[PDB]
Amino acid sequence: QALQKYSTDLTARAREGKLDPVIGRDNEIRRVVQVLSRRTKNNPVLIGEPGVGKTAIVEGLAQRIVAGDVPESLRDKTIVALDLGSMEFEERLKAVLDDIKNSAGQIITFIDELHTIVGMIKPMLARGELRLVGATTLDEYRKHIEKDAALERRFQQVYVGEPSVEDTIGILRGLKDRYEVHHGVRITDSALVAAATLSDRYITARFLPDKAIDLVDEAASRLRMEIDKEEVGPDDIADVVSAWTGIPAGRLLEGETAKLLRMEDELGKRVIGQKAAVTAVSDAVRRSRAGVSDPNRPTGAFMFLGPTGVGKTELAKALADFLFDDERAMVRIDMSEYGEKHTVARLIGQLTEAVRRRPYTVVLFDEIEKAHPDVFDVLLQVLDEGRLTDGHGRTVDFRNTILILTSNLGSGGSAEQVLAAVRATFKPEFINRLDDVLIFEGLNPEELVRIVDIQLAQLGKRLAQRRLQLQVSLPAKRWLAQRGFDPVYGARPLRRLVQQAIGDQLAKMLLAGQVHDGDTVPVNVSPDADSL
Amino acid sequence: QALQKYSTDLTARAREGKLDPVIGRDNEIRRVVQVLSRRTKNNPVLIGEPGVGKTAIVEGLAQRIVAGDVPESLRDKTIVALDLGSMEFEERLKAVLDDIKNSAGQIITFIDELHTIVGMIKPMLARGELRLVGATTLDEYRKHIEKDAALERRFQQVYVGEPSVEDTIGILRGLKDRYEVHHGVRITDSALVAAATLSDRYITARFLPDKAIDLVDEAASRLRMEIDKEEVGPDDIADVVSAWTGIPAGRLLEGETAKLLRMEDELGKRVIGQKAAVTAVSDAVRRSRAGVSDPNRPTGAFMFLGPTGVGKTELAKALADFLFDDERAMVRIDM
């Protein structure tokens, strides 16, 4: 009788249909019924990454008990959900345990989020009297419970993994009716495919099904606001995923075959030349979207190097541009700081807990020369297996990210002077695990004019606040090429040449008068410098 | 009936015109109406740096409800502002919650400054019965609420950012009539541009619109003192921003193209020579006031070095002299 005062009653709420219907997952329900009906030590624990549905399994168990699909010795045993917040203390707990044990096993207790239970129940668990069902996250478990190894021997870990898209479409078709009643709007199953398809290539921070329910909910709310078009559709889902995450401007809907047909030429609008090392980067993407890729390997793990000032960092930020519609959603770590043997621990982690959220980001590794040859040992099982560990004991899978390695070794080797210098620092067990080692060339003064066009278009887009168009003639536009010189420092001194020629006198003539908004500022070739 | 004794009633004060008119910000009002009318977990939280107007949004919502521009299932639902200072304790709180739940959702509760609520409402929030609107500062939130992550899952963060000058001019044109009645003086819209323009390059400690209302208020008060010139103007605004912060003496009126035309030669009255390294410092200021600067970069980040005893610290205190009219308003850290 004392459990009336310190508990809810899920069976009493289930007997009036006040629970959301649980669709899917026969295996976990059968596993819970298998574990909960053994003789001794009969108390499972649900464990998984958050959001995949763990309360939903216990509510589905309550639905299946009240329906009656269970075996014989599980029928009509109410699930009394306990508390520890609402609950002299030791007297109260002993009264609760005495009231449970006084019954004939007719009660299944349910402590949700039992990682707070650490802060006298220990002999009662192992004898087998009180049946206990729980739910933890995977990473509060190893911090609060696995520290206390006397307790955790008396449980049964039931892992729950996230589904794929194909089951989520069925879940969304199941739960369609509940939101149409609360918000008085109709929902079309044409949009219900897109709200799960499009929520995987864009929102890569949370886990699955709960993320693909917030879109339907917020779209229905926006439609109720507009009805303050009588049904939702595939456009308002895109409106929500634009206005949140600001992805609308970043590649408004993409990922078709019309795109991937033009990728060697679409990427050329920001990288000029280097043609033999775009036809290979443009190939590990097409063969991974056709389904020919090796299912236990990263989709592409290749290392390109060469002289400086060539475009080897600009390329690895340009192929992260149409995959993500942004340029800051990539894992950019810099190994120019790991000179000693004990900076392994900052990524084993800073590398780890930025992938496990959204397992699709491209990863940089800038200037891998300066790392001591101990960081390569950490990197060795990243390649060719795809998994590493950390303190909590989880094996994070790098099976579908695009690793990219940069270097500057040799920097001017003829044909094999640059290639045999790689063999000095890298042990042959690391050169073997890579893909095709790409060499960038220098730059040709024939292919150096168009970089000036790109730079001046960039400076034109910088002055969009002032609406300040500027006119550049072709003799000046080829005058800037000839000071682009001395192929040791690459195209980088051109981007100081532009700010020494145009930007100085423009910045002086901008803040003293005679240049205002909407005006046109032409440049003209004075016999040495550039005039205004 | 118990809410009569532990609450105010903003709707009852709004029904006699006793609230200052709320002008601007359609987006936040539409966002609050969107969040407050969902099915479950329907309780927003307004969050922003202080002074940008967060009570003003809830008072604008009350104005828009009493007017009637809302949708159908938000009409005639009074906003009863609760308290926790004026409020045996658990009995009293359960009486309040029972009185709220006894209605049919006809009441929108309003706990202002809800970061004191930590020190039994937890099941009532997630079911969706009591509608709750709040307002925290951005930096008391992460100290009092984000420590207690079971609570903060049941809210909806609605960020509110400060406006620019262009909307503040409209706000000041809106609220011009209210101070002309309390202080019996006229206010000229010529000065009303300057009281927002000049309050951005000088007073850089508080945030926006509330800072540009104190100048109009204290200027009207000084003019009432002198009438103990029949209207305020662009001079007394400058008098206030002189007498407070002592900026009046430090450059009487800062800004213009006549100034920035002479900056390589005006700066030479305190630094002699070094001519090739004043024509570059005098360039990151002119190109940043013309609008050619890169909008995501500091306007100038340059490093100068050399031998000792040359003037490399005297220069960096001389270009902080005509921008600020002082020489001590700079962030001088020493590494």
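Residues numbered from 1 in each chain as written, not as in the entry; some residues may be left out. Chains lettered and ligands numbered in written order. Part of a larger assembly, values for the part shown. Heavy atoms only, no water. Residues with missing side-chain atoms left out of burial classes, pairs and counts.

The PDB entry lists chain B under the name Chaperone protein ClpB, from Mycobacterium tuberculosis. The record for the entry shows the title "Mtb ClpB in complex with AMPPNP".

Named according to the PDB entry, chain A is Chaperone protein ClpB originating from Mycobacterium tuberculosis. Checking UniProt for chain A, the heading Subunit contains the comment "Homohexamer. The oligomerization is ATP-dependent (By similarity)." What the UniProt record of chain A gives under Sequence similarities is the line "Belongs to the ClpA/ClpB family." (UniProt positions renumbered as here; feature names shortened; annotations may be inferred.)

### Comments concerning the overall build of chain B
Across its full length, chain B holds 13 helices and seven strands. Relative to the 2.2 N^0.38 estimate, which gives 20 Å for 335 residues, the radius of gyration of chain B is 26 Å and therefore markedly larger than a compact globule would have. With the principal axes as the frame, chain B shows a C-alpha extent of 80 × 50 × 35 Å. (Helix = DSSP H or I, 4+ residues; strand = E, 2+ residues; numbered from the N terminus. Rg over C-alpha atoms; globule rule 2.2 N^0.38 Å.)

### Notes on the overall build of chain A
Along chain A, the regular secondary structure elements total 19 helices and 16 strands. The C-alpha radius of gyration of chain A comes to 31 Å, more than 25% above the 24 Å expected for a compact globule of 532 residues. With respect to the three principal axes, the spread of C-alpha positions in chain A is 105 × 65 × 50 Å.

### Some thoughts on the UniProt feature "binding site: ATP 1" in chain B
All names here are of chain B. Sequence positions flagged by UniProt for "binding site: ATP 1" are, in local numbering, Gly48, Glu49, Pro50, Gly51, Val52, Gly53, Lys54 and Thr55. Positionally, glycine 53 belongs in the loop between β1 (44-48) and α3 (55-67). Along the chain, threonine 55 turns up in helix α3.

### Section: the interface of chain B and chain A
Taken residue by residue, the interface counts 10 residues in chain B and six residues in chain A. Those elements giving two or more residues to the side of chain B that touches chain A turn out to be α12 (257-261) and α13 (286-290) of chain B. If you tally residues by element for the side of chain B that touches chain A, the top one is α13(B), at four residues. The residue makeup of the side of chain B that touches chain A, split by class, is three nonpolar, three polar and four charged. (Contact = heavy atoms within 4.5 Å. Nonpolar A, V, L, I, M, F, W, Y, C, P; charged D, E, K, R; others polar.)

### Some points on the UniProt feature "binding site: ATP 2" in chain B
Residue and element names in this part refer to chain B. When the UniProt feature table is mapped onto this chain numbering, "binding site: ATP 2" sits at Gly306, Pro307, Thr308, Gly309, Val310, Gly311, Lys312 and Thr313. Looking at where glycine 306 falls in the secondary structure, it is placed in the segment after α13. Its location among the elements puts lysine 312 in the segment after α13.

### Some words on the UniProt feature "binding site: ATP 2" in chain A
Residue and element names in this part refer to chain A. UniProt records the feature "binding site: ATP 2" for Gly306, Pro307, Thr308, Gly309, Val310, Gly311, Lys312 and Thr313 in the present numbering. Summarising the element assignment, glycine 306 is placed in the loop between β8 (300-305) and β9 (331-334). What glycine 306 contacts, discounting residues up to four positions off in sequence, is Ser407, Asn408, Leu409, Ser411 and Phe440. Residue position: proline 307 is located in the loop between β8 and β9.

### Quick word on the sheet that holds strand β4 (residues 131-137) of chain A
Residues and elements named next belong to chain A. With parallel pairing, five strands are arranged side by side in an open sheet as β2-β3-β4-β1-β5. The strands lining the two open edges of the sheet, one partner per strand, are β2 (78-81) and β5 (156-159). Averaged over neighbouring strand pairs, the angle between their axes works out to 25° when direction is ignored. Where β2 meets strand β3 (residues 107-110), four bridges bridge the pair, whose relative direction is parallel. Each bridged residue has a counterpart across the sheet, and for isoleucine 79 the counterpart in β3 is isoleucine 108. (Pairing = 2+ DSSP bridges. Axes fitted to C-alpha atoms, helices over the stretch in contact; angles between N-to-C directions.)

### What about the UniProt feature "binding site: ATP 1" in chain A?
Residue and element names in this part refer to chain A. The sites that carry the UniProt feature "binding site: ATP 1" are, in the present numbering, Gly48, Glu49, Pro50, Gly51, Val52, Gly53, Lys54 and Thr55. Within the fold, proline 50 resides in the loop between β1 (44-48) and α3 (55-67). Tracing the backbone shows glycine 51 in the loop between β1 and α3. Not counting residues within four places of it along the chain, the set of residues in contact with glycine 51 comprises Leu208 and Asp210.

### Quick word on the sheet that holds strand β5 (residues 156-159) of chain B
What holds strands together in a sheet is hydrogen bonding between their backbones, with the strands either parallel or antiparallel. Residues and elements named next belong to chain B. With respect to topology, five strands assemble into an open sheet ordered β2-β3-β4-β1-β5, the strand pairing being parallel. Strands at the two margins of the open sheet, each flanked by one partner only, are β2 (78-81) and β5. Here the strands of the sheet are splayed against their neighbours by 25° on average, with no regard to which way each runs. For β2 and strand β3 (residues 107-110), the ladder comprises four bridges, and the chain directions are parallel. For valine 80, the partnering residue across the bridge sits in β3 and is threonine 109.

### Some remarks on unusual backbone geometry
At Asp76(A), a residue that is not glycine, the phi angle is positive and equals roughly 60°. Mapped onto the secondary structure, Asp76(A) falls in the loop between α3 and β2. Unlike most non-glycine residues, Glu256(B) shows phi in positive territory, near 140°. Here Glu256(B) shows up in the loop between α11 (234-243) and α12.

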